[PDB]
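*Asks:* My structure is stored as data.cif, with mmCIF, C-alpha atoms and all ligand atoms.
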data_data
#
loop_
_atom_site.group_PDB
_atom_site.id
_atom_site.type_symbol
_atom_site.label_atom_id
_atom_site.label_comp_id
_atom_site.auth_asym_id
_atom_site.auth_seq_id
_atom_site.Cartn_x
_atom_site.Cartn_y
_atom_site.Cartn_z
ATOM 1 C CA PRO W 1 82.710 113.694 57.602
ATOM 2 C CA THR W 2 81.664 117.114 58.905
ATOM 3 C CA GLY W 3 82.320 120.617 57.424
ATOM 4 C CA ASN W 4 82.691 118.667 54.215
ATOM 5 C CA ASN W 5 83.344 121.143 51.217
ATOM 6 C CA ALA W 6 82.076 118.471 48.795
ATOM 7 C CA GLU W 7 78.658 118.573 50.463
ATOM 8 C CA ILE W 8 78.286 122.177 49.155
ATOM 9 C CA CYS W 9 80.599 122.434 46.140
ATOM 10 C CA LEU W 10 79.229 119.340 44.308
ATOM 11 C CA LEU W 11 75.592 120.387 44.374
ATOM 12 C CA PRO W 12 73.970 121.395 41.072
ATOM 13 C CA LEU W 13 73.086 124.920 40.506
ATOM 14 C CA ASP W 14 69.603 125.804 41.773
ATOM 15 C CA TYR W 15 67.998 129.044 40.568
ATOM 16 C CA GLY W 16 65.208 128.515 43.103
ATOM 17 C CA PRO W 17 61.571 129.646 42.753
ATOM 18 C CA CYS W 18 61.806 133.431 42.989
ATOM 19 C CA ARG W 19 61.839 135.367 39.809
ATOM 20 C CA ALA W 20 64.844 137.678 39.898
ATOM 21 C CA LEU W 21 68.140 137.485 38.000
ATOM 22 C CA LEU W 22 70.779 138.038 40.669
ATOM 23 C CA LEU W 23 74.453 137.492 39.772
ATOM 24 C CA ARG W 24 75.969 134.774 42.017
ATOM 25 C CA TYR W 25 78.723 132.216 41.793
ATOM 26 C CA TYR W 26 78.696 128.448 41.974
ATOM 27 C CA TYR W 27 81.273 125.647 41.817
ATOM 28 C CA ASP W 28 81.113 123.625 38.651
ATOM 29 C CA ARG W 29 82.577 120.243 39.229
ATOM 30 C CA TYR W 30 82.951 119.430 35.472
ATOM 31 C CA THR W 31 85.155 122.432 34.860
ATOM 32 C CA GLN W 32 86.629 122.462 38.353
ATOM 33 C CA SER W 33 86.012 126.223 38.470
ATOM 34 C CA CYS W 34 83.820 128.919 40.144
ATOM 35 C CA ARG W 35 81.354 130.126 37.454
ATOM 36 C CA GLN W 36 78.586 132.796 37.421
ATOM 37 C CA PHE W 37 74.898 132.139 37.364
ATOM 38 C CA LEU W 38 71.683 134.153 37.785
ATOM 39 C CA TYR W 39 69.867 133.286 41.010
ATOM 40 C CA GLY W 40 66.159 133.844 41.472
ATOM 41 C CA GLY W 41 66.484 135.382 44.930
ATOM 42 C CA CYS W 42 65.264 132.767 47.411
ATOM 43 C CA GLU W 43 65.762 129.179 48.508
ATOM 44 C CA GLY W 44 68.092 127.203 46.235
ATOM 45 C CA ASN W 45 71.078 125.552 47.832
ATOM 46 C CA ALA W 46 74.463 126.179 49.400
ATOM 47 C CA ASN W 47 76.396 126.179 46.148
ATOM 48 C CA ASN W 48 75.628 129.871 45.855
ATOM 49 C CA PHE W 49 78.188 132.545 46.697
ATOM 50 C CA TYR W 50 78.225 136.333 46.465
ATOM 51 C CA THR W 51 81.683 136.588 44.846
ATOM 52 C CA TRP W 52 84.170 134.528 42.840
ATOM 53 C CA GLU W 53 86.593 134.798 45.869
ATOM 54 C CA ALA W 54 84.063 133.357 48.296
ATOM 55 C CA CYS W 55 83.426 130.408 46.027
ATOM 56 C CA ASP W 56 87.167 129.896 45.359
ATOM 57 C CA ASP W 57 87.900 129.874 49.158
ATOM 58 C CA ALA W 58 84.943 127.656 50.020
ATOM 59 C CA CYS W 59 85.709 125.091 47.354
ATOM 60 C CA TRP W 60 89.471 125.219 47.558
ATOM 61 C CA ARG W 61 89.809 121.478 48.219
ATOM 62 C CA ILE W 62 87.202 118.817 47.559
ATOM 63 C CA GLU W 63 87.364 115.264 48.993
ATOM 64 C CA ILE D 1 57.160 136.243 30.514
ATOM 65 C CA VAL D 2 56.436 132.849 28.888
ATOM 66 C CA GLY D 3 53.608 132.576 26.410
ATOM 67 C CA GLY D 4 53.078 136.320 26.174
ATOM 68 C CA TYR D 5 53.419 138.924 23.495
ATOM 69 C CA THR D 6 55.461 141.955 22.518
ATOM 70 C CA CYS D 7 53.864 144.906 24.422
ATOM 71 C CA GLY D 8 55.002 147.541 21.951
ATOM 72 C CA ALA D 9 57.142 150.573 22.768
ATOM 73 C CA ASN D 10 55.948 152.419 25.860
ATOM 74 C CA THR D 11 52.519 150.805 26.071
ATOM 75 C CA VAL D 12 53.282 149.954 29.706
ATOM 76 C CA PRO D 13 54.613 153.379 30.826
ATOM 77 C CA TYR D 14 54.791 152.468 34.559
ATOM 78 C CA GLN D 15 57.097 149.452 34.006
ATOM 79 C CA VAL D 16 60.627 150.019 35.173
ATOM 80 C CA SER D 17 63.873 148.045 34.977
ATOM 81 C CA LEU D 18 66.106 147.788 38.017
ATOM 82 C CA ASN D 19 69.798 147.839 36.999
ATOM 83 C CA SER D 20 72.974 146.916 39.085
ATOM 84 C CA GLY D 21 75.182 146.689 35.988
ATOM 85 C CA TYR D 22 72.576 144.448 34.387
ATOM 86 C CA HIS D 23 68.789 144.037 34.712
ATOM 87 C CA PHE D 24 68.029 142.024 37.797
ATOM 88 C CA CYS D 25 64.319 142.773 38.511
ATOM 89 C CA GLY D 26 61.406 144.984 37.341
ATOM 90 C CA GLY D 27 59.362 147.515 39.246
ATOM 91 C CA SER D 28 56.278 149.764 38.994
ATOM 92 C CA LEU D 29 56.306 153.521 39.144
ATOM 93 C CA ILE D 30 53.577 154.713 41.559
ATOM 94 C CA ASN D 31 54.495 158.436 41.482
ATOM 95 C CA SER D 32 57.256 160.703 40.274
ATOM 96 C CA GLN D 33 59.608 159.709 43.010
ATOM 97 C CA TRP D 34 58.698 156.128 44.116
ATOM 98 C CA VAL D 35 58.827 152.572 42.670
ATOM 99 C CA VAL D 36 57.259 149.440 44.053
ATOM 100 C CA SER D 37 59.189 146.086 43.588
ATOM 101 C CA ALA D 38 59.784 142.840 45.459
ATOM 102 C CA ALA D 39 61.751 142.536 48.677
ATOM 103 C CA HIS D 40 63.874 139.697 47.302
ATOM 104 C CA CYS D 41 65.122 142.180 44.686
ATOM 105 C CA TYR D 42 66.790 144.322 47.400
ATOM 106 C CA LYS D 43 70.257 145.753 46.438
ATOM 107 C CA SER D 44 72.280 148.623 47.860
ATOM 108 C CA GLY D 45 73.227 150.064 44.439
ATOM 109 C CA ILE D 46 70.296 150.321 42.037
ATOM 110 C CA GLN D 47 69.719 152.440 39.025
ATOM 111 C CA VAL D 48 66.111 152.722 37.985
ATOM 112 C CA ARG D 49 65.523 152.786 34.290
ATOM 113 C CA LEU D 50 62.263 154.346 33.125
ATOM 114 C CA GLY D 51 60.720 154.629 29.680
ATOM 115 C CA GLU D 52 62.432 151.425 28.465
ATOM 116 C CA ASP D 53 61.489 149.132 25.675
ATOM 117 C CA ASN D 54 64.706 147.496 24.460
ATOM 118 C CA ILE D 55 66.773 147.171 27.637
ATOM 119 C CA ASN D 56 69.822 146.178 25.634
ATOM 120 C CA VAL D 57 70.302 149.441 23.720
ATOM 121 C CA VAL D 58 70.305 153.067 24.882
ATOM 122 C CA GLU D 59 68.035 154.932 22.510
ATOM 123 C CA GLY D 60 68.665 158.299 24.263
ATOM 124 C CA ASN D 61 65.233 159.216 25.726
ATOM 125 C CA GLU D 62 65.050 156.789 28.651
ATOM 126 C CA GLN D 63 65.405 158.193 32.162
ATOM 127 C CA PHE D 64 68.112 156.525 34.212
ATOM 128 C CA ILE D 65 67.882 157.662 37.881
ATOM 129 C CA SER D 66 69.741 156.359 40.944
ATOM 130 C CA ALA D 67 67.754 154.956 43.785
ATOM 131 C CA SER D 68 68.414 157.006 46.926
ATOM 132 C CA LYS D 69 66.631 154.649 49.289
ATOM 133 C CA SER D 70 65.369 150.954 49.058
ATOM 134 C CA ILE D 71 63.031 150.101 51.943
ATOM 135 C CA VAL D 72 62.069 146.417 52.283
ATOM 136 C CA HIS D 73 58.826 145.642 54.212
ATOM 137 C CA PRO D 74 59.918 145.310 57.872
ATOM 138 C CA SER D 75 58.086 141.988 58.250
ATOM 139 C CA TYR D 76 59.625 140.413 55.078
ATOM 140 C CA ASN D 77 60.550 136.769 55.660
ATOM 141 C CA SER D 78 63.070 135.430 53.146
ATOM 142 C CA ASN D 79 62.192 131.783 53.911
ATOM 143 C CA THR D 80 58.354 132.026 53.541
ATOM 144 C CA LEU D 81 58.384 135.036 51.139
ATOM 145 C CA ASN D 82 55.669 136.684 53.222
ATOM 146 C CA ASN D 83 55.535 140.494 52.822
ATOM 147 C CA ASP D 84 57.631 140.359 49.628
ATOM 148 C CA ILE D 85 57.465 144.131 48.835
ATOM 149 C CA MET D 86 59.946 146.997 48.708
ATOM 150 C CA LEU D 87 59.743 150.667 47.947
ATOM 151 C CA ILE D 88 62.482 152.439 46.075
ATOM 152 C CA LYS D 89 62.869 156.210 46.278
ATOM 153 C CA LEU D 90 64.334 158.021 43.278
ATOM 154 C CA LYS D 91 67.267 160.500 43.868
ATOM 155 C CA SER D 92 65.329 162.951 41.727
ATOM 156 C CA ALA D 93 61.802 162.994 40.350
ATOM 157 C CA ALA D 94 61.142 161.368 37.037
ATOM 158 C CA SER D 95 59.608 163.489 34.295
ATOM 159 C CA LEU D 96 56.218 162.103 33.597
ATOM 160 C CA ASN D 97 55.148 162.169 29.941
ATOM 161 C CA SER D 98 53.358 159.592 27.721
ATOM 162 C CA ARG D 99 56.251 157.072 28.014
ATOM 163 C CA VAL D 100 56.873 157.453 31.712
ATOM 164 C CA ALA D 101 53.695 157.475 33.825
ATOM 165 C CA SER D 102 52.679 156.299 37.281
ATOM 166 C CA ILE D 103 50.195 153.505 38.013
ATOM 167 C CA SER D 104 47.469 153.838 40.654
ATOM 168 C CA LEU D 105 47.395 151.873 43.842
ATOM 169 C CA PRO D 106 44.319 149.710 44.521
ATOM 170 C CA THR D 107 41.330 151.137 46.409
ATOM 171 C CA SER D 108 39.915 147.328 46.893
ATOM 172 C CA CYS D 109 41.225 143.837 46.398
ATOM 173 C CA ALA D 110 40.652 142.202 43.004
ATOM 174 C CA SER D 111 38.413 139.164 42.863
ATOM 175 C CA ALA D 112 39.048 135.548 41.298
ATOM 176 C CA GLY D 113 38.505 135.745 37.521
ATOM 177 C CA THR D 114 39.653 139.338 37.070
ATOM 178 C CA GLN D 115 41.951 139.788 34.062
ATOM 179 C CA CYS D 116 45.295 141.326 34.719
ATOM 180 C CA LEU D 117 48.214 142.475 32.600
ATOM 181 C CA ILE D 118 51.619 141.103 33.729
ATOM 182 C CA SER D 119 54.757 142.520 32.083
ATOM 183 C CA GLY D 120 58.510 142.208 32.121
ATOM 184 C CA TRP D 121 61.889 141.415 30.516
ATOM 185 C CA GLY D 122 62.235 137.888 31.956
ATOM 186 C CA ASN D 123 62.828 134.454 30.444
ATOM 187 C CA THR D 124 60.477 133.627 27.590
ATOM 188 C CA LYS D 125 61.126 129.858 27.746
ATOM 189 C CA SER D 126 59.750 127.142 30.147
ATOM 190 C CA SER D 127 62.905 124.980 29.372
ATOM 191 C CA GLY D 128 66.257 126.697 29.056
ATOM 192 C CA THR D 129 66.514 130.389 28.804
ATOM 193 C CA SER D 130 66.028 133.200 26.414
ATOM 194 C CA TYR D 131 65.894 136.873 27.535
ATOM 195 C CA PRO D 132 64.083 139.305 25.193
ATOM 196 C CA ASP D 133 65.292 142.666 23.986
ATOM 197 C CA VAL D 134 61.819 144.263 24.205
ATOM 198 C CA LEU D 135 59.099 144.293 26.928
ATOM 199 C CA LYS D 136 56.730 141.348 26.951
ATOM 200 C CA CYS D 137 53.093 141.328 28.231
ATOM 201 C CA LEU D 138 50.747 138.573 29.379
ATOM 202 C CA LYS D 139 46.953 138.725 30.017
ATOM 203 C CA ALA D 140 46.052 136.373 32.910
ATOM 204 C CA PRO D 141 43.203 135.949 35.435
ATOM 205 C CA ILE D 142 43.393 135.929 39.190
ATOM 206 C CA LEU D 143 42.927 132.369 40.486
ATOM 207 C CA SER D 144 40.752 131.409 43.411
ATOM 208 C CA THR D 145 42.416 131.269 46.873
ATOM 209 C CA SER D 146 41.336 127.575 46.995
ATOM 210 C CA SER D 147 43.061 126.673 43.758
ATOM 211 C CA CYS D 148 46.259 128.596 44.821
ATOM 212 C CA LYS D 149 46.489 126.749 48.124
ATOM 213 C CA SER D 150 45.839 123.438 46.281
ATOM 214 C CA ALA D 151 48.754 124.201 43.992
ATOM 215 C CA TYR D 152 51.054 125.210 46.794
ATOM 216 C CA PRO D 153 49.951 123.551 50.047
ATOM 217 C CA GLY D 154 51.378 125.146 53.102
ATOM 218 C CA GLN D 155 52.991 128.079 51.157
ATOM 219 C CA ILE D 156 50.357 130.669 50.389
ATOM 220 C CA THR D 157 49.868 133.319 52.975
ATOM 221 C CA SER D 158 47.185 135.952 53.264
ATOM 222 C CA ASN D 159 49.487 138.440 51.471
ATOM 223 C CA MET D 160 49.810 136.234 48.268
ATOM 224 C CA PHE D 161 47.732 135.459 45.324
ATOM 225 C CA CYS D 162 47.915 133.264 42.233
ATOM 226 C CA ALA D 163 47.322 134.281 38.641
ATOM 227 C CA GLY D 164 47.697 132.584 35.259
ATOM 228 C CA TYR D 165 46.689 129.179 33.792
ATOM 229 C CA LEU D 166 46.676 125.796 35.534
ATOM 230 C CA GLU D 167 47.069 124.071 32.168
ATOM 231 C CA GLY D 168 50.527 125.618 31.681
ATOM 232 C CA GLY D 169 52.138 127.597 28.874
ATOM 233 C CA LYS D 170 51.694 131.211 30.101
ATOM 234 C CA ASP D 171 53.388 132.639 33.201
ATOM 235 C CA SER D 172 55.821 135.241 34.426
ATOM 236 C CA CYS D 173 59.435 133.893 34.845
ATOM 237 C CA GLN D 174 62.911 134.729 36.053
ATOM 238 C CA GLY D 175 63.776 138.279 35.328
ATOM 239 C CA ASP D 176 60.164 139.480 35.901
ATOM 240 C CA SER D 177 60.317 139.680 39.764
ATOM 241 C CA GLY D 178 59.134 142.971 41.150
ATOM 242 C CA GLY D 179 57.141 143.847 38.122
ATOM 243 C CA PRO D 180 53.492 144.796 37.814
ATOM 244 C CA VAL D 181 50.273 142.839 37.794
ATOM 245 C CA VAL D 182 47.666 145.414 36.701
ATOM 246 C CA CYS D 183 43.845 144.830 36.823
ATOM 247 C CA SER D 184 41.441 147.614 35.759
ATOM 248 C CA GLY D 185 44.232 150.164 35.743
ATOM 249 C CA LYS D 186 45.288 149.468 39.332
ATOM 250 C CA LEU D 187 48.544 147.806 40.694
ATOM 251 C CA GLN D 188 47.179 144.700 42.344
ATOM 252 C CA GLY D 189 50.238 142.471 42.293
ATOM 253 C CA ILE D 190 54.033 142.140 42.324
ATOM 254 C CA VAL D 191 55.835 139.264 40.492
ATOM 255 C CA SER D 192 57.247 137.036 43.259
ATOM 256 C CA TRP D 193 57.659 133.250 42.810
ATOM 257 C CA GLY D 194 56.418 129.954 41.368
ATOM 258 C CA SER D 195 57.541 126.388 41.057
ATOM 259 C CA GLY D 196 59.438 126.569 37.657
ATOM 260 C CA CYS D 197 57.523 128.665 35.104
ATOM 261 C CA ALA D 198 54.476 128.026 32.980
ATOM 262 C CA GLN D 199 54.235 124.443 34.341
ATOM 263 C CA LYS D 200 51.049 122.468 34.784
ATOM 264 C CA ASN D 201 49.253 123.128 38.073
ATOM 265 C CA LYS D 202 51.986 125.568 39.265
ATOM 266 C CA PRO D 203 50.765 129.075 38.522
ATOM 267 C CA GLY D 204 52.596 132.364 39.297
ATOM 268 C CA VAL D 205 52.459 133.656 42.891
ATOM 269 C CA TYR D 206 52.208 137.418 43.420
ATOM 270 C CA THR D 207 52.350 139.812 46.346
ATOM 271 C CA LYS D 208 48.885 141.243 47.088
ATOM 272 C CA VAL D 209 49.480 145.010 46.919
ATOM 273 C CA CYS D 210 45.989 145.875 48.222
ATOM 274 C CA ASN D 211 47.207 144.656 51.649
ATOM 275 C CA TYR D 212 50.053 147.209 51.836
ATOM 276 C CA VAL D 213 48.440 150.539 50.752
ATOM 277 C CA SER D 214 48.649 151.893 54.322
ATOM 278 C CA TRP D 215 52.312 150.944 54.613
ATOM 279 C CA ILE D 216 53.068 152.354 51.176
ATOM 280 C CA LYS D 217 51.434 155.700 51.890
ATOM 281 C CA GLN D 218 53.078 156.106 55.290
ATOM 282 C CA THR D 219 56.558 155.104 53.942
ATOM 283 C CA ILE D 220 56.317 157.674 51.201
ATOM 284 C CA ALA D 221 55.071 160.329 53.684
ATOM 285 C CA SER D 222 57.817 159.630 56.184
ATOM 286 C CA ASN D 223 60.739 159.321 53.746
HETATM 287 CA CA CA I 1 66.597 151.161 25.931
#
Would you mind writing the file's structure down as C-alpha cells?
*Replies:*
Amino acid sequence: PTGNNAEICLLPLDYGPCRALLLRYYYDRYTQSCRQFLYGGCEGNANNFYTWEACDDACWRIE
Amino acid sequence: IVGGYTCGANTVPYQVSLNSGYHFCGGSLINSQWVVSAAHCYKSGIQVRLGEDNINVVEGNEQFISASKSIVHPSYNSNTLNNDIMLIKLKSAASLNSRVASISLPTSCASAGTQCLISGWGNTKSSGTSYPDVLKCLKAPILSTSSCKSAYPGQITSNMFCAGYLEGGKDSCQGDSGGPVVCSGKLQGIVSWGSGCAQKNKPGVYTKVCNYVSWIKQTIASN
C-alpha cells in the first residue's frame, strides 16, 4: 500500500542526534493519541509534527 | 551536560538560554547586542535570557530580551549539519556587569588536546532524561580530526570538530545545543550533535567557530 498512514504513525519516537529540545508531536500507538515530545532538531523520522492538529489529521485512520 | 558539575551562579556569564515558552537551546553572548547559537535552534519567536542560573525560577535580576533578528548561516544544510551556526540580534542591548558578560571570538583555531569548558542546561543522563535547575559545566579536550572522522565516518566536515572522551561518561546532551565550547577564554565551538550522549566512541560534535569569524563580523556590521 502507498500513502500508508501506518508507515508514519506507527514509528517510535526518534529525538535524533542534534542537541536541542524542540516541542513536537508524535502519534503514540499504545495510547492511540497525538502526544508531545522534545525533538533534537535534525534527522529523526516522519512521526514528528509541528502541531497536535497536524498529527491528528495525519494519523486520523491507521490500517 | 552528562558527567559534569554544577558551575555555580554566574560563573559562566556569557551563557544564555533561548526561550520560546520553554528552554529549547543555549547560546553565547559575543557583545551587548548579539548571541551566537546553532542553526538547528532557529525559531521565529525567541526570548533571550541572560544572567541565568536556575532557569526554572525568576529570581528578579536576569535580563530577558526579545530577539529582533535570527540569521542562520546561508550555507546551512539541515541534512549534513554543515555550517550549523546562527546569530541572534537583541531588540535592545544587554547591560553588561559581572553576571552578564560577552565572550571573545577566536583569533586562531584550537589544537587537539586543548581543554575546553562546555556548559548548558541539557539532559544530565545517558539513559532516560533529567533536566537540571542550575547550569552545568564540563571540562573536555578537543579530539584529533582523525579520531573524529573514525567515530563518525562520512559525517565530519571541515567546519566540525569533536571534543570529550572516547571512553564515555562525559558529554554535552539534548538541551545544550547552541551553547558554548570555550578554550583559553575564546569561543571555539557551538554544541551541535552526537550519536546519543556520553556513549563509548561517540564523542560530541561541535561547530568550529574559528571558521566563521569573517561571517560573524560582517553580519553584525551589516545588521
Ligand atoms: Ca532564573
*Asks:* Apply the PyMOL selection byres (((chain D and resi 216) around 10) and not hetatm) to the displayed file and report the matching residues as JSON, numbers by chain.
*Replies:* {"D": [30, 34, 36, 73, 85, 86, 87, 105, 209, 211, 212, 213, 214, 215, 217, 218, 219, 220, 221]}
*Asks:* Could you write out as a PDB file with C-alpha atoms, keeping the file's coordinate frame the residues of chain D within 7 Å of chain W, counting only C-alpha atoms?
*Replies:*
ATOM      1  CA  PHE D  24      68.029 142.024  37.797  1.00  0.00           C
ATOM      2  CA  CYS D  25      64.319 142.773  38.511  1.00  0.00           C
ATOM      3  CA  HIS D  40      63.874 139.697  47.302  1.00  0.00           C
ATOM      4  CA  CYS D  41      65.122 142.180  44.686  1.00  0.00           C
ATOM      5  CA  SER D  78      63.070 135.430  53.146  1.00  0.00           C
ATOM      6  CA  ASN D  79      62.192 131.783  53.911  1.00  0.00           C
ATOM      7  CA  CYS D 173      59.435 133.893  34.845  1.00  0.00           C
ATOM      8  CA  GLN D 174      62.911 134.729  36.053  1.00  0.00           C
ATOM      9  CA  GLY D 175      63.776 138.279  35.328  1.00  0.00           C
ATOM     10  CA  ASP D 176      60.164 139.480  35.901  1.00  0.00           C
ATOM     11  CA  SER D 177      60.317 139.680  39.764  1.00  0.00           C
ATOM     12  CA  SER D 192      57.247 137.036  43.259  1.00  0.00           C
ATOM     13  CA  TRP D 193      57.659 133.250  42.810  1.00  0.00           C
ATOM     14  CA  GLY D 194      56.418 129.954  41.368  1.00  0.00           C
ATOM     15  CA  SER D 195      57.541 126.388  41.057  1.00  0.00           C
ATOM     16  CA  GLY D 196      59.438 126.569  37.657  1.00  0.00           C
TER      17      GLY D 196
END
*Asks:* What residues have any atom no more than 8 Å from ligand CA 1 (chain I) when counting only C-alpha atoms and all ligand atoms, and can you list them as a list in words?
*Replies:*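 What falls inside 8 Å of ligand CA 1 (chain I) is residues 51, 52, 53, 54, 55, 56, 57, 58, 59, 60 and 62 of chain D.
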*Asks:* Please evaluate the PyMOL selection byres (((chain D and resi 83) around 10) and not hetatm) against the structure above and give the resulting residues as a VMD selection string.
*Replies:* chain D and resid 38 to 39 72 to 78 80 to 82 84 to 86 157 to 160 207 to 209 211 to 212
*Asks:* Report, in Å with one decimal, the straight-line distance from atom CA of residue 138 of chain D to atom CA of residue 210 of chain D.
*Replies:*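 Value for the atom CA of residue 138 of chain D-atom CA of residue 210 of chain D distance: 20.8 Å.
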*Asks:* Any chance you could work out the residue set of the PyMOL selection byres (((chain W and resi 24-27) around 9) and not hetatm) here, as number ranges by chain?
*Replies:* W: 8-13, 22-23, 28-29, 31-39, 46-52, 54-56, 59
*Asks:* Could those selected residues go to a file with C-alpha atoms, as a JSON list (two decimals), keeping the file's coordinate frame?
*Replies:*
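Okay, this is what ended up in result-v9.json:
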[["chain", "number", "residue", "atom", "x", "y", "z"],
["W", 8, "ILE", "CA", 78.29, 122.18, 49.16],
["W", 9, "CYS", "CA", 80.60, 122.43, 46.14],
["W", 10, "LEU", "CA", 79.23, 119.34, 44.31],
["W", 11, "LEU", "CA", 75.59, 120.39, 44.37],
["W", 12, "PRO", "CA", 73.97, 121.40, 41.07],
["W", 13, "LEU", "CA", 73.09, 124.92, 40.51],
["W", 22, "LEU", "CA", 70.78, 138.04, 40.67],
["W", 23, "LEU", "CA", 74.45, 137.49, 39.77],
["W", 28, "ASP", "CA", 81.11, 123.62, 38.65],
["W", 29, "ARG", "CA", 82.58, 120.24, 39.23],
["W", 31, "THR", "CA", 85.16, 122.43, 34.86],
["W", 32, "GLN", "CA", 86.63, 122.46, 38.35],
["W", 33, "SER", "CA", 86.01, 126.22, 38.47],
["W", 34, "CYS", "CA", 83.82, 128.92, 40.14],
["W", 35, "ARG", "CA", 81.35, 130.13, 37.45],
["W", 36, "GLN", "CA", 78.59, 132.80, 37.42],
["W", 37, "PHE", "CA", 74.90, 132.14, 37.36],
["W", 38, "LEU", "CA", 71.68, 134.15, 37.78],
["W", 39, "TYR", "CA", 69.87, 133.29, 41.01],
["W", 46, "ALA", "CA", 74.46, 126.18, 49.40],
["W", 47, "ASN", "CA", 76.40, 126.18, 46.15],
["W", 48, "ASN", "CA", 75.63, 129.87, 45.86],
["W", 49, "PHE", "CA", 78.19, 132.54, 46.70],
["W", 50, "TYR", "CA", 78.22, 136.33, 46.46],
["W", 51, "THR", "CA", 81.68, 136.59, 44.85],
["W", 52, "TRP", "CA", 84.17, 134.53, 42.84],
["W", 54, "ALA", "CA", 84.06, 133.36, 48.30],
["W", 55, "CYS", "CA", 83.43, 130.41, 46.03],
["W", 56, "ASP", "CA", 87.17, 129.90, 45.36],
["W", 59, "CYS", "CA", 85.71, 125.09, 47.35]]
*Asks:* For residue 149 of chain D, list every protein, DNA or RNA residue within 12 Å, evaluated using only C-alpha atoms, and leave out those in the same chain fewer than 2 positions away; present the list as a list in words.
*Replies:*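 These residues fall inside the cut-off: residues 143, 144, 145, 146, 147, 151, 152, 153, 154, 155, 156, 157, 158, 160, 161, 162, 201, 202, 203 and 205 of chain D.
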*Asks:* Grab the atom CA of residue 19 of chain D to atom CA of residue 99 of chain D distance for me, in Å with one decimal place.
*Replies:*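 Answer for the atom CA of residue 19 of chain D to atom CA of residue 99 of chain D separation: 18.7 Å.
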*Asks:* Counting only C-alpha atoms, give me one row per residue of segment 166-221 of chain D with an atom at most 7 Å from an atom of segment 106-119 of chain D, showing the shortest contact pair and its distance in Å to one decimal, sorted by chain then residue number, as JSON lines.
*Replies:*
{"residue": "D:179", "atom": "CA", "partner": "D:119", "partner_atom": "CA", "distance": 6.6}
{"residue": "D:180", "atom": "CA", "partner": "D:118", "partner_atom": "CA", "distance": 5.8}
{"residue": "D:181", "atom": "CA", "partner": "D:118", "partner_atom": "CA", "distance": 4.6}
{"residue": "D:182", "atom": "CA", "partner": "D:117", "partner_atom": "CA", "distance": 5.1}
{"residue": "D:183", "atom": "CA", "partner": "D:116", "partner_atom": "CA", "distance": 4.3}
{"residue": "D:186", "atom": "CA", "partner": "D:106", "partner_atom": "CA", "distance": 5.3}
{"residue": "D:187", "atom": "CA", "partner": "D:106", "partner_atom": "CA", "distance": 6.0}
{"residue": "D:188", "atom": "CA", "partner": "D:106", "partner_atom": "CA", "distance": 6.2}
{"residue": "D:210", "atom": "CA", "partner": "D:109", "partner_atom": "CA", "distance": 5.5}
*Asks:* Rounded to one decimal, what separation in Å do you get between atom CA of residue 136 of chain D and atom CA of residue 95 of chain D?
*Replies:*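 These two atoms are separated by 23.5 Å.
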*Asks:* Which neighbours of residue 102 of chain D fall inside 8 Å, counting only C-alpha atoms, when residues of the same chain fewer than 2 positions from it are skipped, and could you give them as a list in words?
*Replies:*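 What passes the distance filter is residues 13, 14, 28, 29, 30, 31, 32, 96, 100 and 104 of chain D.
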*Asks:* Keeping only C-alpha atoms, take the residues you just selected and write them out as a compact mmCIF listing (two decimals), in the coordinates of the input.
*Replies:*
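Written output follows (part_4.txt):
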# COMPACT_ATOMS: atom_id res chain seq x y z
CA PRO D 13 54.61 153.38 30.83
CA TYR D 14 54.79 152.47 34.56
CA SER D 28 56.28 149.76 38.99
CA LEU D 29 56.31 153.52 39.14
CA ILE D 30 53.58 154.71 41.56
CA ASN D 31 54.50 158.44 41.48
CA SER D 32 57.26 160.70 40.27
CA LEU D 96 56.22 162.10 33.60
CA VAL D 100 56.87 157.45 31.71
CA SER D 104 47.47 153.84 40.65
*Asks:* Within 9 Å of residue 137 of chain D, counting all atoms listed in the file, which residues show up once you throw out same-chain ones fewer than 6 positions away? Write them as a VMD selection string, please.
*Replies:* chain D and resid 1 3 to 7 12 117 to 120
*Asks:* Put a box with edges along x, y and z around all the listed atoms of segment 32-43 of chain W, pad it by 8 Å on each side, then give me its centre and sizes in Å, one decimal, as lines of an AutoDock Vina configuration file.
*Replies:*
center_x = 75.9
center_y = 128.9
center_z = 42.9
size_x = 37.4
size_y = 28.9
size_z = 27.1
*Asks:* Using all atoms listed in the file, pick whichever of D:49, D:43, D:139, D:23 has the shortest atom-to-atom distance to residue 65 of chain D.
*Replies:*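 Of all the options, D:49 lies closest to residue 65 of chain D.
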